[PDB]
Amino acid sequence: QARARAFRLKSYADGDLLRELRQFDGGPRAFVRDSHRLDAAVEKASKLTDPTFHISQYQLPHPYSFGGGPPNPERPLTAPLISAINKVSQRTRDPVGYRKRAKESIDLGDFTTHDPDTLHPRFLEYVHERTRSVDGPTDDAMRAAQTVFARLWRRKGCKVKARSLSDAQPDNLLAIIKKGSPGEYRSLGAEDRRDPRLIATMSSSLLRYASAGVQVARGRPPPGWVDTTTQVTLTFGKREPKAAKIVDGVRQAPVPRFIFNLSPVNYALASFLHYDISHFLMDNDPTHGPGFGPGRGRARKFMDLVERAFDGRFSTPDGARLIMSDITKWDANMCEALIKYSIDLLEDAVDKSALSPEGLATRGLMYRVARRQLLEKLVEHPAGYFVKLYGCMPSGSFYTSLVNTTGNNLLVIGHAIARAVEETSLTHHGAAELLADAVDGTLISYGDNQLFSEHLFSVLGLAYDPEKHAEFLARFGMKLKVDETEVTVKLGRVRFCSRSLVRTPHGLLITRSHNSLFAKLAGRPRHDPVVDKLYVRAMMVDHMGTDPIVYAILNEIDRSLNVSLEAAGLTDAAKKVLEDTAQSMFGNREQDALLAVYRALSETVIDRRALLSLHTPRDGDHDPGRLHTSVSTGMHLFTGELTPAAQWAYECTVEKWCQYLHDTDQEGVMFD
RNA sequence: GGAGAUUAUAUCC
RNA sequence: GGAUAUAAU
């Protein structure tokens, strides 16, 4: 409707549409339309009964996709990291073992960029059989699992109410629209989702449901646009560090993740319907990961689960294990059946009882559209052409974390219920009432990342069984990697969102594995040398100074970068990352202030105390203390009190650390 | 040719 | 009311 109107091709089958597309095919990072990027996907889909993907009959004269290419090939941190590991490993208990374990990770360190010619093979992961619905036994279990969380949410105080359309007015809609992508409106001049003309368009796209609902509440049929309104979804490849893996010998360089950039109109509908229920779960649902962070008291849902399972010890007091589910490529494989159970449960938690009959019908039409649009997407493939995608989670939707987390939680509870009805004398209702009590404190998911206590199965009179867990997931087309799913009784192997917990004599302390740091460093492409030096310090911040080996290694790398730090001169990249420092030290961001900061940078050290202050919560019992440049350019001194356990970690040398982890059996935190 | 959502945190305005 | 940066999913 905006001059970009699509034309209809003549064919119907994918193989014939593909031939038709050649007639539109077109530096090395400008976009060129290329229908051959679809060849393998079309070939794969042709052998499937119910494929997740078809070529769209409708196409645009001009595509939205942009070109790309490979990153800078140099890896400037690999050599300094090796010297640092060479030195610090000598102060650990097994120096040659540490250096070998660490070399494995450095070798895998890599990096992905957006490039249409490397992105299209990743899309094959999204091309497989649909699972529209599951069989009777599984459905009964999944609907019982829905009652578990619905009960949990009510007990936790859920009082979320349906919004009125007053909140779809431009001035009120702003409070539930975050800044970000204009999606397909970027072609029309919009730069941000929160731009006033976009906000006006998103508002109109919500208010149009009012009169549609008036008709349905009178028993008339809905307007036609309700069932046909669609928005284009754009795609691109993720730019990030990513570790290669060794699969059957060959070291497999990483394929870029497939990212979806959804339309602001779809965003506005999702947020109008479900912003509140999402924020209620973040604040109050103990199984809901989103809201988590590693510092400042934000890991409490993780720590509460661990402390219920370990009660002060380093191994679980009973033998009850902890399970960390390892699922292959969650977003590509989340089927329509699981998406429906998840979003339906979320919509059910929203209280509609105060709505008028028109208001209720209006919300029903809005939900109808949001559900259909989560399930069936119109996606511009990196070939430069539209395809239709049924199921899969479109990573980048408003619903991504919310629905992935809800679905993973429903999987394990549905599985538990399914086993109980088959194997024991519990009914669906009876298993549900047990799990509703036991799930509070025994389960947490963050999308496909999951951690749960075997007590979920204990209270059903069952023991966890990974093959039965994998078989349940396979009913939804998902592959639980059984040999990579950690099952343990030891705190040192418990993980959540890439974080470990170390129990010190004064309490728990979030930490991170060393191998993850080494791969990221080995994968870092060459930037401006000041930018890269500040990246190494950002890594210190990410690790929060808990581990003195990690601090030592990073402090070594930081020093080593000083030899060549000034070789590029004061570039614009270096100016940008030094601006905050120049204004806090000299009052201005002018050339001389910036160069004074620049030339002093070689003289700075990042204080481990500043890093460990990040464990301090902002509690009204704790004042964490301002950091200024303490963890970036290092030109302020951090004054402030650490938490007891973090104070213990400051007083703790490489040598004391390895001894304590050895004596407590917590050395699992270092690797994996 | 000049790269999504969500969460957490830090810095500066 | 905004900007920049890193991490996680």
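Every chain is numbered from 1, with letters handed out A, B, ... down the list of sequences.
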Side chain of [X] (C-beta onward), nearest among [options]:
X	options	value
A:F66	B:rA3, C:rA7, C:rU9	B:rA3
A:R298	B:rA5, B:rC12, B:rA8	B:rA8
A:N261	B:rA10, B:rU6, B:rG4	B:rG4
A:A30	B:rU11, B:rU6, B:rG1	B:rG1
A:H114	C:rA7, B:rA3, B:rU11	B:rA3
A:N449	B:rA10, C:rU9, B:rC12	C:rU9
A:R626	B:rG1, B:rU11, C:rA3	B:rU11
A:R296	B:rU7, B:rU9, B:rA3	B:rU9

Select base, sugar-phosphate, or nothing to describe what [X] touches, counting heavy atoms under 4.0 Å on all strands.
X	answer
A:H543	nothing
A:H288	nothing
A:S632	nothing
A:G396	base
A:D448	sugar-phosphate
A:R512	sugar-phosphate
A:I259	base
A:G289	nothing
A:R194	sugar-phosphate
A:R524	nothing

Open item on the list: Going by centres under 5.5 angstrom and planes under 30 degrees, do the aromatic ring of A:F292 and the base ring of B:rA8 stack?
Closed with: no
TODO: Could you give the distance separating B:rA3 and C:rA5 at their P atoms, to the nearest angstrom?
DONE: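 Those two atoms are separated by 11 Å.
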Task: P atoms of B:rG4 and C:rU6, separation to the nearest Å - done: 14 Å
Side chains of [X] and [Y]: do they bring a donor and an acceptor to under 3.5 Å?
X	Y	answer
A:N266	A:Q231	no
A:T113	A:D115	no
A:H622	A:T643	no

For [N], take OP1 and OP2 only and decide whether either is under 4.0 Å from a side-chain N or O of [X].
X	N	result
A:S498	C:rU9	yes
A:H628	B:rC12	yes
A:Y535	C:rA7	yes
A:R537	B:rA10	no
A:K520	C:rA8	yes
A:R618	B:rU9	no

- [ ] Quick one: sort the A:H114 and A:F66 rings into parallel, tilted or perpendicular, breaks at 30° and 60°.
- [x] perpendicular
- [ ] Anything under 30° is parallel, anything over 60° is perpendicular, the rest tilted; go ahead and classify A:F258 against A:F123.
- [x]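 Because their plane-to-plane angle lies in the 30° to 60° range, the rings of A:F258 and A:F123 count as tilted.
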Task: Donor-acceptor pair under 3.5 Å, A:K238 side chain vs B:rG4 base - done: yes
TODO: Please lay out, stage by stage, how A:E240 and A:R257 fare under the test salt bridge (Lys or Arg N to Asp or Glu O under 4.0 Å).
DONE: CA-CA 9 Å; A:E240 68 183 346; A:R257 278 199 297 134; 3.1 Å; yes
Task: Heavy-atom closest pair, residues A:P264 and A:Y185 - done: CG-CD1, 3.6 Å
